[PDB]
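Novice: When you get a sec, could you give me coordinates for this:
(5 chains)
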Amino acid sequence: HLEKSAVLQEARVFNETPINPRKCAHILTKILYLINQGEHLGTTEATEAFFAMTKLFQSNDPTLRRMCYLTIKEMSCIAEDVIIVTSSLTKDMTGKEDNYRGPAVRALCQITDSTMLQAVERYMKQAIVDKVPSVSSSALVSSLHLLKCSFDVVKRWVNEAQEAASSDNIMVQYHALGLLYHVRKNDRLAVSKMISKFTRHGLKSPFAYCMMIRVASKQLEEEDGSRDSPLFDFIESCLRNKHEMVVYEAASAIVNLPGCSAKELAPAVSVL
Amino acid sequence: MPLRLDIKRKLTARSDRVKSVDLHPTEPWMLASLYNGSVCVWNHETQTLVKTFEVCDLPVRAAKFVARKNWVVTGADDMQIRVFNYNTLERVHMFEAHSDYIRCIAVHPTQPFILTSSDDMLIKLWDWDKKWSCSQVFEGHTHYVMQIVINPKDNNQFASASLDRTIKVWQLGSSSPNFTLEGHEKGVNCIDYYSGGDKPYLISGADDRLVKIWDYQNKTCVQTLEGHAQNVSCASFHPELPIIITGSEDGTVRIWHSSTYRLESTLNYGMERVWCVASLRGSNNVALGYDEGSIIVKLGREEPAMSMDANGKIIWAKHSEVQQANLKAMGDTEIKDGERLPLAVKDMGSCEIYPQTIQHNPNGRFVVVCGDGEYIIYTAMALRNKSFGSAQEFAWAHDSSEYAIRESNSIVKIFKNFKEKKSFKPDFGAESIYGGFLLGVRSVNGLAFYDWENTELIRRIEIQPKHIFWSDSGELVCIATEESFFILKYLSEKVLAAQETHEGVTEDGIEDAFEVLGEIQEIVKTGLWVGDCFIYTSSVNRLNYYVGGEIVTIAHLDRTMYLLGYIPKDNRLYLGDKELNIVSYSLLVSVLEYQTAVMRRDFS
Amino acid sequence: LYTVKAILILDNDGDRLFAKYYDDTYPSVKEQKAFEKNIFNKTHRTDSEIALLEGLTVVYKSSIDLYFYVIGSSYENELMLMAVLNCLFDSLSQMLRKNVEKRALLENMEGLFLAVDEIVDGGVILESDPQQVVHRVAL
Amino acid sequence: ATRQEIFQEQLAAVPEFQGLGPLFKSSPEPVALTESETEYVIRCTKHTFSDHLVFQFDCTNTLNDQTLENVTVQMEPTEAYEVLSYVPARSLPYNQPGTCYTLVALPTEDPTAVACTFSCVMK
Amino acid sequence: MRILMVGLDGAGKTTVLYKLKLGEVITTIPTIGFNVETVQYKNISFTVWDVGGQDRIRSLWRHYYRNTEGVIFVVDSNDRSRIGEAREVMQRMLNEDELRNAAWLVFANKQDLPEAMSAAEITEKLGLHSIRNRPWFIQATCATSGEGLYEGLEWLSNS
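Specialist: Numbers count the residues shown, from 1 in each chain, chains lettered A, B, ... in the order given. You can find the structure just below:
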């Protein structure tokens, strides 16, 4: 339908004095298209782009902002520079809505240098603390890549986790744990306490139940001793739910040739 | 999380609406201004009046101590400034600065200044070295100047609060603020600063019951807080702990954690409204004026949690409220007794639970640490959680292999390796529990002795103490009991027989167990077993060891402190503050021993 | 937990015009496409409750003229995954208030892209509540 | 000249000896000399010969924190053995057997002379 | 007009900038993550690039080109140190050659009590009279006063 080479020259035209928000938006779309189907990439081309993209920033226009994020987001493992961005970044951060902020972290995370990190940590603290989960959620994912990169220092942060540990959004409830597990999973022990930690606890954005299941079993699995008092507690609960899947989840695992307790399983089953 | 914490009703007075309070640090004196019109200065410590002054008899709004200056500053709403040299209370000077109701003074400490805000919609600066010049006048008002606070951090820059709801922060080169921001939706009663230099917050007060946090460097309202029960007369930064003090127009205390931001607690001294507050900069004691009176409370621990391996690493955790993330210290070098030393750097940890106990395993090794009321024990080198649970009270089985617990009921269960030890299971009235070699249950203003395998009331002695330290091998044991102190022998054989015979006294315990050797009437800052030697601190700050019928002071210490640790090999004592400079004084254990043995007739 | 190995947006005509390979393990753009040929084609114009390819889970919503796909590992929960599968499916649908076609895509190319980023970002599903979303965005 | 003899020989590649003999029987139980997954983890096996006993020490200097260096093994005895030497595993990195030894010659015709408990300190 | 305001992070250029621009300032660190800003003055439409110069980028500060036409070069007046020599000359010359197509108006900042060493020596050193060259002004300021600001702009808004 359409072709890259011409476009590659032409994109900079938005960068040419040209005012017509639409035009450029479209052109950007195409680039992304070229890209989406599959595209070579490289530096020179990038660098030239680096000056090109950069001037264009008296835009207020929110949507305009969106577009940017995406593009930048494109550059990550093959990323080029950050300092410019800092100011920019800062701008999202101070930036009123919430929104702006999430995209930026998101590009950042495969790509970056230890160093700055410290600074940006503070920002993290803030994200960590904010009530509109979303951004906070946005924050989290980045970290993972940062874990890719590393994430250990991220570890240091466990504390924040705790302050966070109080949660009330379901999905969100879910997200926290995922991290956590990773964290403690390098560690049996705590977890044992964790269990306890949840033990007082039920779960908000369920999903949480489920990872935990795999988990809850996963210690037990090796013979994290007592199925009996703990496991079972879990099970009645598990059993009970209309989170039929959860019930299942337990059910599926317990595949026991003699029937560990053959009986009950059959009800669950009937139900199945 | 719990109030297993220091709250002390430090000092009380019931009085009037004590509007203002101002602190004398340099000697912990406090100045208070009343709605009576009389102002008084007290030494709280013994509830004693340092001086009182009738400055005016009109309510006296503002007060300062000028410590550097050695004089005390006062103003009443005769619109005059009266000066005393506090070095009597001899009154130096008077003059009329601000001609309207003078609300607040903020002072530059570094630089010789007194800043004032007054209701005249004026802020004037006056220079004391110039002998109360009105050096400069700061204006940019819209109403009475209700409050001035100096950002003392940058003394130099300061912030102003008015109830027309706005805040001007100023630069000297702005006898006007640099800017005004439109804070309140009420009025900005108050402006306050964030203790740390590192980051920057203000809290400002309103009775609207909404709190906004601001970061100056960005220049944002960081966030805005809600939850409240009644018009917050005041809310304050805890400078010691990260907590938020909230205060009300009814004198309600609510605390939100300045980290949890969860209501940690509400307290009622319904002494009505928060008129003033002033805080210890040492961040621990604070006073507020209320109507029915005022109350001052004392809120601190005296230590971090650390325990030292005799290689020479006192591993502590935290610093004061810093993460636990910081333990280590094997050092590497040597220097003179008086002179000071260097540390290593490699944190481990970054716990969450906030402790107040550290205790080593008996081989240093396993520490059990309690905090938030539960016990994390660490595998230390491991940095592993050795284990956890919730406490109430504790004894390691001294041996280094079991432990006991007092459940937040009060009835004993003990665990050795997570096995309850029921061979021993009195559960009598207690007070506290003591482990060691020989079991103490402190009960019924008595201290009662128990076996280690079955309980036995071995003995009961007269009263209760506070603390026990046992000699090392247990043998002669040292119990700290206020002023007074005792040293004892425990004699085994009797028991063995007696036990065999069975028929005994145990109300008293059995009078055929222990003997009372001698007692020193003693006050202990910190204290030590060197073996069975009691090497001790006194809180009178002499470090003495009771030796030979003698108590000798090896040395006397600044003021008294904490016993770093004497790594015997080195024969030295490492002395420890709480501010992480270690001093060492060598002894030589042998000398003591030499003495010990010879008296024993081990002359050779 | 990084569920989307990849996600593909597909013709009836057995082609893919969007795919974001959440993670690649056999390289190339190319290599993905060959796979399409088998798989899509084969499946084409007809879906499953469940479908598998070799211990991997095969997920996706269709339209008469259009194909939606998510890939994950069949080693895990149908329901949620479905729930998700839908979540997307609906959201967009709802969002669109229309059945995507070939038309839909040309009709506005941008929206796809935009869409694509918000829920899943390379692999995991960040975003959701489609109505919410739908409302949440519009800009 | 037991299974344990093979061990007498296995031991033999070292030459710092101060007597050996041929192994008679070996350990009825190898002892973990450092308990369960310690900062360093030791399991030890003890070997008897007609002349000497060698304790050869099996192990995974555990923590990746550490590598232990300048390693030798102290043993201090109650019921006889003549104590010839304590062995240093020159270096021990993480998750890894290396060998350290401690050696004794076994007195046989004395009343109380080969059953012993020896006290250990790792340096 | 892409007018580049140059100087370091830490200068307090930024302080000035928003002092002017917004009326109000910001920290004595010029930017780390840039400024592009637009100002209308005299209703004429201007782009300010403000650089918290910082080295790596400084090296790359050339980094862009197109549509260049005016310089605020902020230099701190009282800067007794980083101002001249190799650095100063180099920067100036390089810039000059590269964009001989734009007037260079140097801004001397925080003059307070001037803590320079001679207004005369420096201007010469910079070869301010190497002039036979593009519209120039040598201009004094201490930020707080803004000791010459409006002319810079004004005189500038000359055609």
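Novice: Tally up the residues packed near the residue in chain E that chain B sits nearest to, please.
Specialist: Closest to chain B within chain E is residue E:144: 4.9 Å, counting by C-beta to the nearest C-beta. The C-beta positions use only the backbone N, C-alpha and C, and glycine is treated the same way. Residue E:144 has 17 neighbours, counted by other C-beta atoms under 10 Å in any protein chain shown.
Novice: Which secondary structure element is home to the one residue in chain A that gets nearest to chain E?
Specialist: Per C-beta to the nearest C-beta, the residue of chain A with the smallest distance to chain E is residue A:87, at 2.2 Å. Per DSSP states H and E, residue A:87 falls inside helix A:83-94.
Novice: by contact count, what packs against that helix?
Specialist: When contacts are defined as 3 or more C-beta pairs under 8 Å, 6 or more residues apart in numbering or on different chains; DSSP states H and E, helix A:83-94 packs onto helix A:101-111, helix E:55-58.
Novice: Now the residue of chain E closest to chain B: closest residue in space that isn't a chain neighbour?
Specialist: Residue nearest to residue E:144 in three dimensions, not counting chain neighbours: residue B:173, with 4.9 Å by C-beta to C-beta, 6 or more residues apart in numbering or on different chains.
Novice: Could you report the distance from that neighbour to residue D:37?
Specialist: Per C-beta to C-beta, to the nearest Å, residue B:173 is found 65 Å from residue D:37.
Novice: ok, back up a step: and the residue nearest to residue E:144, how close does it get to residue B:492?
Specialist: Where residue B:492 is concerned, residue B:173 sits at a distance of 82 Å (C-beta to C-beta).
Novice: same thing with residue A:137?
Specialist: Where residue B:492 is concerned, residue A:137 sits at a distance of 66 Å (C-beta to C-beta).
Novice: which of those two has more neighbours?
Specialist: Neighbour totals were compared for residue A:137 and residue B:492, and residue A:137 leads with 19 against 8 (other C-beta under 10 Å).
Novice: for that one, helix, strand, or coil?
Specialist: helix (DSSP: H, G, I helix; E, B strand; the rest coil).
Novice: Might you report the residue contacts of the spatially most central residue of chain B?
Specialist: Residue closest to the mean C-alpha point of chain B, counted by C-alpha atoms, centre = their mean, is residue B:300 at 2.2 Å. Residue B:300 makes contact with B:6, B:240, B:284 under the criterion C-beta atoms under 8 Å, 6 or more residues apart in numbering or on different chains.
Novice: what sits against the residue in chain D positioned nearest to chain C?
Specialist: Residue of chain D nearest chain C, by C-beta to the nearest C-beta: residue D:64 (27.4 Å). Residue D:64 makes contact with D:94-95, according to C-beta under 8 Å, 6+ apart.
Novice: could you redo the last one with a cut-off of 7 Å?
Specialist: Counting by C-beta atoms under 7 Å, 6 or more residues apart in numbering or on different chains, residue D:64 makes contact with residue D:94.
Novice: quick revisit: the residue nearest to the centre of chain B sits in which helix or strand?
Specialist: Judged by DSSP H and E, residue B:300 forms part of no helix or strand.
Novice: What residues does chain D have near chain B?
Specialist: Neighbours of chain B within chain D, by C-beta under 7 Å from any C-beta of the partner chain: residue D:39.
Novice: Just give me the residue right at the centre of chain D.
Specialist: Central residue of chain D (C-alpha atoms, centre = their mean): residue D:55, at 2.1 Å.
Novice: got the contact list for that residue?
Specialist: Neighbours of residue D:55 in contact, by C-beta under 7 Å, 6+ apart: D:44, D:46, D:101-102.
Novice: That one belongs to a strand, doesn't it?
Specialist: Yes. If the criterion is three-state DSSP, then residue D:55 is within a strand.
Novice: Tally up the residues packed near residue 91, please.
Specialist: I went with chain A, as the question did not name one. Around residue A:91 there are 17 residues (other C-beta under 10 Å).
Novice: Chain C was what I was after
Specialist: 21.
Novice: cool, residue A:222 as well?
Specialist: So residue A:222, with other C-beta under 10 Å, has 9 neighbours.
Novice: mind checking how far it is from residue A:63?
Specialist: Counting by C-beta to C-beta, the gap from residue A:222 to residue A:63 is 53 Å.
Novice: Excluding chain neighbours, what is closest to residue B:168?
Specialist: The shortest distance from residue B:168 to any non-neighbouring residue, by C-beta to C-beta, 6+ apart, is to residue B:177 (3.0 Å).
Novice: Not counting its neighbours along the chain, what's nearest the residue of chain E found nearest chain A?
Specialist: In chain E, the residue that lies nearest chain A is residue E:33 (2.2 Å; C-beta to the nearest C-beta). Excluding its sequence neighbours, the residue lying closest to residue E:33 (C-beta to C-beta, 6+ apart) is residue A:87, at 2.2 Å.
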